[PDB]
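Before any comments, here is the structure.
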Amino acid sequence: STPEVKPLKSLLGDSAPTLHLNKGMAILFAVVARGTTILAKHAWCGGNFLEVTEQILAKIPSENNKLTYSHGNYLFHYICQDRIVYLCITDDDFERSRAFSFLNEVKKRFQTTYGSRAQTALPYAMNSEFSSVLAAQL
Amino acid sequence: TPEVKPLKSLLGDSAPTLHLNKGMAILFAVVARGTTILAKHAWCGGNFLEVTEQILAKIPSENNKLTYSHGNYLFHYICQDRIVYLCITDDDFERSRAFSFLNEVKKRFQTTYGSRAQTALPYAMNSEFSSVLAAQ
Ligand SMILES: [Cl-]
Ligand SMILES: [Cl-]
């Protein structure tokens, strides 16, 4: 029969320590994409983020919008603006990230650095430079 | 705030898919003697070791099986022959799956490293053992 569950404070009291995962932040994955073409990406841990992300990118409209899809323990957040998609994936267990505020800062720095060259580039054409920018916003 | 919809409304009935854990939603797993960790494996980054040692310092040596809860998480452990097998999941993880995983882990660690466990240094089974912890 399954073992008891007790509060950890019953062993260590009120100073029981707290887990801070993923640097204190909820975003595991972010991409800049145009339609199904990913221009830049960054993962904060290992996961099969790409495959499902492309599935979403292929189904969503290209009109301006903002939306969150939920699945299991994750939320997939995006802003689409001028056919360009800014997307990030959050882990529901982790400490609160302001997903839309991050995507907005990402978009701004992407629109500034590249602007409408995003409209044209090959898959991954900005990955080397912009990846570390994605890692640094956060 | 943008609206939140289920992903199945966009994609249809998906199936399994996202794994910080190339499979099972276990975030961390460890084998320890008192506070000496012998082998460990993490599925993402964070302060698992510092937190886990605080718990291990206080878990007694007697045979026992138990889950502690704290915040969003569950710490499940089996202590047998003074060795603790511990894993961390979230709150929504089916607890019987944690113990069946830890029981599998204990069996192999017993078979392989007999009672060298009582004297082995920190991390002395880590290269070999982490990639069996990894494979569930
Ligand atoms: Cl915690
Ligand atoms: Cl949200």
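Residues in the structure tokens are numbered from 1 in each chain, the chains being A, B, ... in the order shown, and ligands are numbered from 1 in the order shown.
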Q) Leaving out region 44-59 of chain B and any residue of its chain fewer than 5 positions from it, which residues lie within 6 Å of it when counting only C-alpha atoms, given as a PyMOL selection string? A) (chain A and resi 17+20-22+45) or (chain B and resi 35)
Q: Step one, run DSSP on the backbone; step two, keep only residues of chain A assigned to helix (DSSP H, G or I); then write them as a ChimeraX atom specification.
A: /A:9-15,22-24,49-59,99-119,127-137
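Near residue 134 (chain A), within a cut-off of 7 Å and counting only C-alpha atoms, sit the residues residues 42, 106, 130, 131, 137 and 138 of chain A, with same-chain residues fewer than 3 positions away left out.
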Q: Check which residues fall inside 6 Å of ligand 1 when counting only C-alpha atoms and all ligand atoms, and print them as a PyMOL selection string.
A: (chain A and resi 18-19) or (chain B and resi 70-71+73)
**Q.** Surroundings of ligand 2 up to 7 Å, based on only C-alpha atoms and all ligand atoms, as an MDAnalysis selection string
**A.** (chainID A and resid 68 75 77) or (chainID B and resid 2 4)
Near chain B, 10 Å: chain A residue rows, closest pairs, only C-alpha atoms, as JSON lines:
```
{"residue": "A:1", "atom": "CA", "partner": "B:96", "partner_atom": "CA", "distance": 8.6}
{"residue": "A:2", "atom": "CA", "partner": "B:96", "partner_atom": "CA", "distance": 6.0}
{"residue": "A:3", "atom": "CA", "partner": "B:66", "partner_atom": "CA", "distance": 5.3}
{"residue": "A:4", "atom": "CA", "partner": "B:66", "partner_atom": "CA", "distance": 5.7}
{"residue": "A:5", "atom": "CA", "partner": "B:67", "partner_atom": "CA", "distance": 4.7}
{"residue": "A:6", "atom": "CA", "partner": "B:68", "partner_atom": "CA", "distance": 5.0}
{"residue": "A:7", "atom": "CA", "partner": "B:69", "partner_atom": "CA", "distance": 4.8}
{"residue": "A:8", "atom": "CA", "partner": "B:68", "partner_atom": "CA", "distance": 4.9}
{"residue": "A:9", "atom": "CA", "partner": "B:70", "partner_atom": "CA", "distance": 7.7}
{"residue": "A:10", "atom": "CA", "partner": "B:68", "partner_atom": "CA", "distance": 8.7}
{"residue": "A:11", "atom": "CA", "partner": "B:58", "partner_atom": "CA", "distance": 7.2}
{"residue": "A:12", "atom": "CA", "partner": "B:55", "partner_atom": "CA", "distance": 7.6}
{"residue": "A:16", "atom": "CA", "partner": "B:54", "partner_atom": "CA", "distance": 8.1}
{"residue": "A:17", "atom": "CA", "partner": "B:51", "partner_atom": "CA", "distance": 5.9}
{"residue": "A:18", "atom": "CA", "partner": "B:51", "partner_atom": "CA", "distance": 6.9}
{"residue": "A:19", "atom": "CA", "partner": "B:47", "partner_atom": "CA", "distance": 6.1}
{"residue": "A:20", "atom": "CA", "partner": "B:46", "partner_atom": "CA", "distance": 5.8}
{"residue": "A:21", "atom": "CA", "partner": "B:46", "partner_atom": "CA", "distance": 4.1}
{"residue": "A:22", "atom": "CA", "partner": "B:45", "partner_atom": "CA", "distance": 5.0}
{"residue": "A:23", "atom": "CA", "partner": "B:46", "partner_atom": "CA", "distance": 6.3}
{"residue": "A:24", "atom": "CA", "partner": "B:46", "partner_atom": "CA", "distance": 8.1}
{"residue": "A:28", "atom": "CA", "partner": "B:20", "partner_atom": "CA", "distance": 8.9}
{"residue": "A:44", "atom": "CA", "partner": "B:44", "partner_atom": "CA", "distance": 8.2}
{"residue": "A:45", "atom": "CA", "partner": "B:44", "partner_atom": "CA", "distance": 5.6}
{"residue": "A:46", "atom": "CA", "partner": "B:20", "partner_atom": "CA", "distance": 5.7}
{"residue": "A:47", "atom": "CA", "partner": "B:20", "partner_atom": "CA", "distance": 4.9}
{"residue": "A:48", "atom": "CA", "partner": "B:18", "partner_atom": "CA", "distance": 6.0}
{"residue": "A:49", "atom": "CA", "partner": "B:18", "partner_atom": "CA", "distance": 6.8}
{"residue": "A:50", "atom": "CA", "partner": "B:18", "partner_atom": "CA", "distance": 10.0}
{"residue": "A:51", "atom": "CA", "partner": "B:17", "partner_atom": "CA", "distance": 8.8}
{"residue": "A:52", "atom": "CA", "partner": "B:17", "partner_atom": "CA", "distance": 7.4}
{"residue": "A:55", "atom": "CA", "partner": "B:11", "partner_atom": "CA", "distance": 7.6}
{"residue": "A:56", "atom": "CA", "partner": "B:11", "partner_atom": "CA", "distance": 7.3}
{"residue": "A:58", "atom": "CA", "partner": "B:11", "partner_atom": "CA", "distance": 9.8}
{"residue": "A:59", "atom": "CA", "partner": "B:10", "partner_atom": "CA", "distance": 6.9}
{"residue": "A:60", "atom": "CA", "partner": "B:10", "partner_atom": "CA", "distance": 7.7}
{"residue": "A:65", "atom": "CA", "partner": "B:2", "partner_atom": "CA", "distance": 8.8}
{"residue": "A:66", "atom": "CA", "partner": "B:2", "partner_atom": "CA", "distance": 5.7}
{"residue": "A:67", "atom": "CA", "partner": "B:2", "partner_atom": "CA", "distance": 5.2}
{"residue": "A:68", "atom": "CA", "partner": "B:4", "partner_atom": "CA", "distance": 4.7}
{"residue": "A:69", "atom": "CA", "partner": "B:7", "partner_atom": "CA", "distance": 4.9}
{"residue": "A:70", "atom": "CA", "partner": "B:6", "partner_atom": "CA", "distance": 4.9}
{"residue": "A:71", "atom": "CA", "partner": "B:7", "partner_atom": "CA", "distance": 5.8}
{"residue": "A:72", "atom": "CA", "partner": "B:18", "partner_atom": "CA", "distance": 8.6}
{"residue": "A:73", "atom": "CA", "partner": "B:92", "partner_atom": "CA", "distance": 9.0}
{"residue": "A:74", "atom": "CA", "partner": "B:18", "partner_atom": "CA", "distance": 8.4}
{"residue": "A:75", "atom": "CA", "partner": "B:4", "partner_atom": "CA", "distance": 8.7}
{"residue": "A:76", "atom": "CA", "partner": "B:7", "partner_atom": "CA", "distance": 8.5}
{"residue": "A:77", "atom": "CA", "partner": "B:4", "partner_atom": "CA", "distance": 8.9}
{"residue": "A:78", "atom": "CA", "partner": "B:2", "partner_atom": "CA", "distance": 9.3}
{"residue": "A:79", "atom": "CA", "partner": "B:2", "partner_atom": "CA", "distance": 9.5}
{"residue": "A:91", "atom": "CA", "partner": "B:20", "partner_atom": "CA", "distance": 9.7}
{"residue": "A:92", "atom": "CA", "partner": "B:72", "partner_atom": "CA", "distance": 9.3}
{"residue": "A:93", "atom": "CA", "partner": "B:72", "partner_atom": "CA", "distance": 6.0}
{"residue": "A:94", "atom": "CA", "partner": "B:72", "partner_atom": "CA", "distance": 8.2}
{"residue": "A:95", "atom": "CA", "partner": "B:72", "partner_atom": "CA", "distance": 9.9}
{"residue": "A:100", "atom": "CA", "partner": "B:1", "partner_atom": "CA", "distance": 8.7}
```
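For the pair CA of residue 33 (chain A) and CA of residue 117 (chain A), the separation is 12.4 Å.
Among the candidates A:39, A:80, A:121, A:30, the one nearest to residue 102 (chain A) when counting only C-alpha atoms is A:30.
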Q) DSSP on the backbone: what in region 28-115 of chain B comes out strand (DSSP E), as an MDAnalysis selection string? A) chainID B and resid 28:33 36:42 64:70 73:80 83:90
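Using only C-alpha atoms, the protein and nucleic acid residues lying no more than 12 Å from residue 119 (chain A), apart from those fewer than 2 places from it along its own chain, are residues 32, 33, 34, 35, 37, 38, 39, 81, 82, 83, 84, 85, 110, 111, 114, 115, 116, 117, 121, 122, 123, 125 and 126 of chain A.
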